[PDB]
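Pasting a structure here, questions to come.
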Amino acid sequence: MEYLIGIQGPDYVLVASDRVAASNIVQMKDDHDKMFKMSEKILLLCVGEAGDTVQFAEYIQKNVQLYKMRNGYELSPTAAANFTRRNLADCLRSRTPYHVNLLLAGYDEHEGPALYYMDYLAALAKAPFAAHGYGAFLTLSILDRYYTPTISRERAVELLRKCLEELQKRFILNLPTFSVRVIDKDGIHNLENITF
Amino acid sequence: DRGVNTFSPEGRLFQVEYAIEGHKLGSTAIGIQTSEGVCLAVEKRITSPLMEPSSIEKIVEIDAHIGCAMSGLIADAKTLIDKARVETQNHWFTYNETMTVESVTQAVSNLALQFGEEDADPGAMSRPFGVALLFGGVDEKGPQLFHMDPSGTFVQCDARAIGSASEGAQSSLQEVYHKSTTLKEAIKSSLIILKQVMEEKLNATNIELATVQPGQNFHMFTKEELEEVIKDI
Amino acid sequence: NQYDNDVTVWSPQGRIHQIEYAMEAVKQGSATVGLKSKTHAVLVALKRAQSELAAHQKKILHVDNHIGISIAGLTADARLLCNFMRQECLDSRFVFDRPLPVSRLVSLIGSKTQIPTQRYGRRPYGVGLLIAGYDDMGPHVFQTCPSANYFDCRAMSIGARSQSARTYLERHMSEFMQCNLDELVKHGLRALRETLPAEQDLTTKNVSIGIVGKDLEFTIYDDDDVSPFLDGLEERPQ
Amino acid sequence: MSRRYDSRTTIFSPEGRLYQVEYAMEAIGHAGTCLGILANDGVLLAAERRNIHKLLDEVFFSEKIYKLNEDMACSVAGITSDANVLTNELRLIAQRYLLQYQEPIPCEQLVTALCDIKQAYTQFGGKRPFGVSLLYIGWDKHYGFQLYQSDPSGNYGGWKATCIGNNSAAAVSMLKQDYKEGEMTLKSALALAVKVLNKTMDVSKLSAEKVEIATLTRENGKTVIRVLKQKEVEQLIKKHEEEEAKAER
Amino acid sequence: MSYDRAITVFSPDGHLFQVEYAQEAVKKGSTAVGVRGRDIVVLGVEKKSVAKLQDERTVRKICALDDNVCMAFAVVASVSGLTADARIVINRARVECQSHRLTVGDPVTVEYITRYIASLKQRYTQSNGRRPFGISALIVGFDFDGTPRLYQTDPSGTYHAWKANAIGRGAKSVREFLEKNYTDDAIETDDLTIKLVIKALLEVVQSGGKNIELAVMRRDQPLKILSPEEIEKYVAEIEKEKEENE
Amino acid sequence: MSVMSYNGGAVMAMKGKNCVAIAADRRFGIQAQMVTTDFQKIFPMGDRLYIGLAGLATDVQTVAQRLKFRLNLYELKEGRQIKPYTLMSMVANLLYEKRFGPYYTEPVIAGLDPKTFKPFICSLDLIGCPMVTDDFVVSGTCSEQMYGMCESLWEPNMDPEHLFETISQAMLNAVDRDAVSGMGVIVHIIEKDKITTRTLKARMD
Amino acid sequence: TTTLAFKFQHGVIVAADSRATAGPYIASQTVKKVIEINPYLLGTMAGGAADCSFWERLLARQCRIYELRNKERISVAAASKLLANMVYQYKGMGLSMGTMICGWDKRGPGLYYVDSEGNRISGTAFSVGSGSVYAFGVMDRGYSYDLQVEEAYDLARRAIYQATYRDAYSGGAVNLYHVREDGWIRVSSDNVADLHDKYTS
Amino acid sequence: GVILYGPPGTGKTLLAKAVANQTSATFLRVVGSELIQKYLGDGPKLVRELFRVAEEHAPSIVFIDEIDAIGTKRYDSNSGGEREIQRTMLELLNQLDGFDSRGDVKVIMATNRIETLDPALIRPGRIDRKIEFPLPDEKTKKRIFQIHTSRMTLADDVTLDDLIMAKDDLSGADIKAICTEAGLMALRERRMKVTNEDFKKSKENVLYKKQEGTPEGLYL
Amino acid sequence: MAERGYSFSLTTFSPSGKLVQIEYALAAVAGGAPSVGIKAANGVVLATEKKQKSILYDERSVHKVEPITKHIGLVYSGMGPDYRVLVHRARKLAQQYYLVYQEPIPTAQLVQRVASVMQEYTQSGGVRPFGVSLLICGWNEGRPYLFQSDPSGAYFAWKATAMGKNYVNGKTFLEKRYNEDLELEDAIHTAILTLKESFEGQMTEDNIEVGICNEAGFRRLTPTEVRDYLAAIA
């Protein structure tokens, strides 16, 4: 681990997120023609970053859980519920041979409140917030993410903010990277935003 | 009252006696073993041809050189074959040879009777199987066909038929089949008997054909080849 | 009556009727002669097929390459006892690294047979096995029944029409013991042919032989070398 | 055991519904009426307390209504011994779900989990089902406000206004006309609730001890579960008798 | 926990008692019809007895085991079979459905899930102290090449692929009639697949277009459960079209 | 009520006393390691709705075990129409930590609460899995126990009103955050009347 | 994109490449090492890294593909077989496992090629390598890399890569194993001797 | 003969009496429970008489009403005891065919179910055909009601459809019960009129007693 | 154990709406010796009469009033054998609760916990439903508690209730004399009156036992004190 980046800035209802394409095992980038931003449902995204290998492992475990709860409700997921359950499940799985030690990012559209973004650590501490960053990148990004909105974001300033950070991650932080996926999810459709 | 786990005044088990008669309600298994392959013919047991033949399974591959056709109580058979697939494959996995038809047959026969409402638990039986199987495949020695029945008797077969009339299915065999005969006649000899043992018609959606042959795995017949064989009666 | 309604319910006969029903299952089963020498133990069994267009198959089932069984009763029930027996041989090899003592081996089976006989209405296993084994004591041919009681026999024949085979064992009671291994199999086929009427006589197809001993593993001859032994008739005049 | 003492306690019928379950419904009938009515801002349960005698310390809040969780409550109609096993487990599952998830427990979720245990007893085990039908009242953030019923077998159906106890058939029939699926405020809902107890209970003057109404309303951004006071129940009864005289002549 | 003496035992009748009681208990039931489309594969049941004092939520016969697999159960009988019985077969398949879905990278093979279903109802028949369920299920889903399937099980676990199959009210009666109804030009759009499900259900339903409950499922999007008011609009269109035919 | 480590980005409890009210002051801190992103999430919890128990360290098992304990407290609270005693709950927590055997993960519980229906002042801390801790004095607890302990002695007003304790406490919390990484990350101060809970949320990073 | 297991797919057909050699340092004991395991034509696998861990997971996988195929009758999804094996691998750690396998088999959308690790990676790419030596292999292959490479260019590309590898990092020896999966059913091209490849490049 | 089983109430009793007129067979009716009685040894003698008389009459059908009764109950109220039940049950079998092998005597057996019936009595090959009635539908119900409306006072206040619709897929008996309770109900009022009001009140009582829809609505 | 065992329930419902065995059990509690339990609201008193009828019982130990722990006590009704397990059971429960709370088991809580085990015993096979009725007293948390536990499993919280011989008469006297929130003196006096309602178990001091729970714990009373309370009733 101690590679791989995430950043999310939530807007008026939008949320923009980006992560790098690059799954490196050993010394070289094994996969890169796949993305590791997963649709766990069509209203919910988990973007996992830390261990390149570890991301799929966590995604799958949540995928069965998220659905079992969906059954229970028999209507779409609740954001509050998704942060706590994924947190509990992941702290217990960290000790497990099937580990987790990922900084994950929940994006969900909530049935009542609206847009929700849920913070998760590698240690795995649940918090809803509206200014948060993930991966090795979280130490680097979080003060900056504190500063640049007033409450939440505005997309124009965010766009400028995002391009500026993406030169920095290659510059100071060390990834194998050559392409980045930039996405805004409004809560019902996936939008592609442009790569820098 | 007393069990079905008790002996009858004949000096035979009550539950095993009932099981053979149970077979007779359902499907047929005809396997003819020739020295050019082992063929399995079984009835899909339809109510209409408007029942998709896309993935009706009753002849299933146990291994990729051994196939199995089932007869008798069709429901009870579905779990027996699924189970049979893992055990044959544990054997294939360890030995790394092509499984012999006689080894698969012996192994499944002890599972037939473990019945009893004492000395058994949920993973064990509380009833005997009434499924008679025909395992047909090609091994190192060559093509062999084995018959298994609920009493665990395993026997070597050159032609064995069991069906809706077990007795009926067999009497026709004597009449049609003869010891040394071609593959193409072997498939045909099954379609003429198949009708006799069924009370139902010859439809392409109502029969299922599979051949396991030298150098060649278990093959499932498609709608065109199902028709070639129906033509051969 | 109402004293065989379960095997827990005792009979005022001194032996439950249900124990005795199980004895009929074995009689209804295959004629089998079991004899021993002082090096080898031989199991001669009669095959049977369930169809006309079928080639008869062994009623000798392997426990292993050092202890082996012949079934008289149900094939399934014999195999059910067999699996336990197979395990013991697999453990014997781990612990002792010899062929498991035959007398020991039979008592553990007897313990298992004992259990449904204790349970409520449950079935005692309706096979009799003639068990041929070779240990450090010598060959043993044992008779096991549907009860937990085992007999150590010099020669015993169980199954269908076995009394005619039994008078043969009596006549050549001393002879088996001194003889060479080929002869031991030869008296067994002569005895086994005695069960059958004068008309019906043993042929290579329906003859299964299990030989175990000092010098060799358990081998089944179904047409492997059945023939030189088969040679010479001597049947009981019915 | 013995097979002559067995005619199969657990078995399937060709009519599809177990003998012991129909037999258990008659027992449910016997115990007093427990109802749930929906409000467009709460949900409440109204039940008649098992006790009616002078002598009662009043250690429980109400013998019938169990406060399970801070968003769920249930009432029991049927066998009280049988009630104690289901209500204690219920207390634990409902509570774990609100507490942890921060998402208020659905009745629909709750019932499916409990019904699995009830059902096991009817299909296998040689056992017998529970003597109670339980009415769940709660709010979940999914459907919204809800009411559920469970039966001895482990069969559920979700109503929004239902009554069980004696004169059930009559009650549900009255309830269909006046309430469909949402039209009554918390106060009308409560008035409707007192009305159903009135016809069905013999005593039509009632009392705060005789009936117990507990309400669940989300007020001031937190979900509040409260047992109403003897004064509050008595004020609702006094308001209901005036209106009773006028309604039916 | 389980019963020391077996509920299901081999006795002389040809099958078994509990299979025998179980075939009776889906025969005497109401109609549950499933038609296989080319858009959506749609299931519907005749009865829920809706009357506007109650709402369906999990009360539905149709429950989705998976993101693209769903099954509709007809436990339903002379006096009504048990939602309690169905739910067990549902719980066990759903966990298995999701584990296979995880493993295959395209929509879950129905085939696995139906074979599985058949073994679940059979294992209880061999298990001590247990008996099989008295349900018949319409296992539906799409394959890993996107092939729509409508499969059926009976109570003891036996399975077939079908174009369209109908169960309950005499299973044989209704399913032969669904062949007649079925058109391949009537499955070409989403409303036409749904219209074929509903026509078989109308036959003897008490207070139709309210009792009628049918749910739609998409290619790997979750189950969409239709409310009976919304279903009623289609029911009117066909019930007039049907009158016109006679 | 064992929590994984102590690293929760803040660990601090102070409880200080009056005769007219008693107060428990807490970090409202969340988020493990040095990096936080949040400053909100429950940590002190009302269990009779008028007594508190504070469980302290990392978020997950802190919230999880509290809630599972709440259910046993509740059982006892439910049945009788009067709620449980503080002294009996005080050994109950001690045992709950003890159930997690030798070489356990360290929590630090702080219970603050007036006793139910026998009215005297109560403050206590647990830590490790240890001997009984009934005191009537003052208690400060955490891994920087010494730093909290100082403050818990510092606020007692034996005769002033409830209000003066709050304003004193606001300065007490702040000075403590400049001294350790355990205080701060937002501060929730709870003044507990016996009949209800008053929650005040203090200004302070 | 590492060690002696590499597979990349192209526009004519697909190439599979492996060594058959074992023993870093003077130490050796296996000279006909079957890194590309394939007892059947339906599924193919590769090793990489640690000797024990590849062999163990792939013999468990060996049983696993056969079982899926048997159960469906027809061959199942390449993804399902591989992923059932991935759940086992993550859990498998604590044996000094560090398995790095490349799973290849035929899926219904087409050929499926997925990348397996002992820490449970599953991603589908056009090219995968497990180990540490293909770190060297990516420089000559990448430079010339087209995905519409001729059948003939690919055979020459593999042959040369081992010869050049031998020179660069020593370890090759005895035999060069080449396998081609053409259509959807696999064939082993040739077990061409090391001494030949040296001269050609 | 025939064995009449399924949902009770289909109109199992009407059917024997109606078919009997068409054939013009002498109709002997005797209850199965009446054959077990206090008297000792009178029980099988009576069963002989029942058969002997049926035979003499010549074309005959014996409708045996509620034969289900011998099996269901071990009465414990007869001095004849368990002995009585045994000896009766055999004699009917003897008289039917047996070695006697009497002809022209058809037995139509009315039972609740033949899964509650005694296994001695039941056996195929004395009764060649068994009929299982389906649950009566809305459709069958209208034709029966038009007949009862014709027998009843005629008005436009008779509303047939409403009552049939409301009810579920349930017996023929109910159609008869709604009409009989409606007339009775009228007498309570001091009215000789049977109107839509008597019917609506009748629908409730008949529906509860027979099977009752509000349990079933949950399970559906 | 060394057998197969049972698991089938011995109770099947009725189309009445009753469970058959619990109704037979209810007859056995009535056949007992009078046991009364009243929560005064200034302490809890449990009084019983014990049919020894020979006073050849050297009990300075076990009685029909036996302390479970130091502020819980138990009095039964009916038959002795069923009591023996329930008294041991209660002591075990007292121990489980003592470890965590270290204040011995509270009464509201005790009943729920006994009730759950009693219900199994009906519900399961190889066990049978009791035919004892327990009266449980406790003073803990500055409130007295009185509950009655039925042989089915059911628990009701009472102010005053009766069981044992001639309970119908007892409960009716209890309503008239005792009204809710009367004094400790009234609770004791009516308690001893119910025993006197019909005695017939040898009139000596060691043939009645009372045990009282109050603010300082639970102790059983010496037989000589018990007699003085009786002496007043004629």
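Each chain gets a letter, A, B, C, D, E, F, G, H and I, in the order it is written, and its residues are counted from 1.
Heads up, the rule we're going with is that contacts are C-beta pairs under 8 Å (C-beta built on N, C-alpha and C of every residue); 3 or more make two chains touch, one makes a residue touch a chain.
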| item | value |
| --- | --- |
| Co-neighbours of chain I and chain H - touch as defined | D, E |
| By mean Cα position, the chain sitting nearest the middle | E |
| Of D-F and A-G, whichever chain pair has more C-beta contact pairs | A-G |
| Chain E-chain H separation of Cα centroids, rounded to whole Å | 36 |
| Inter-chain centre distance, chain B versus chain C - centres from mean C-alpha coordinates, in Å | 30 |
| For chain A paired with chain B, centre-to-centre distance based on mean C-alpha positions, whole Å | 54 |
| CA centroid of chain A to CA centroid of chain D, Å | 44 |
| Contacts with two or more other chains, residues of chain I listed in rising order | 4-8, 107-108, 112, 125, 145 |
| Contacts with two or more other chains, residues of chain A listed in rising order | 74, 84, 88 |
| Residue list for chain B, restricted to those that touch at least two other chains | 1-3, 57, 82, 117-118 |
| Inter-chain touch pairs (all) | A-D, A-E, A-F, A-G, B-C, B-D, B-E, B-G, C-D, D-E, D-F, D-H, D-I, E-G, E-H, E-I, F-I |
| Residues on chain D engaged by chain F in the complex (per definition of touch) | 58-61, 66-67, 91-92, 95-96, 99-100 |
| Chain E-touching residues of chain H, taken from the complex the two chains share | 7, 134-135, 137-139, 165, 167-169, 211, 213, 216-217, 219-220 |
| Residues of chain I touching chain F in the complex | 99-103, 106-109, 112, 141-143, 145 |
| Complex contacts: residues of chain F adjacent to chain I | 72, 75-76, 79-80, 82, 84-85, 87-89, 91-92, 95-96, 116-118 |
| Touching residues on chain G, where the partner in the complex is chain B | 39-40, 59, 62-63, 66-67, 69-71, 73-74 |
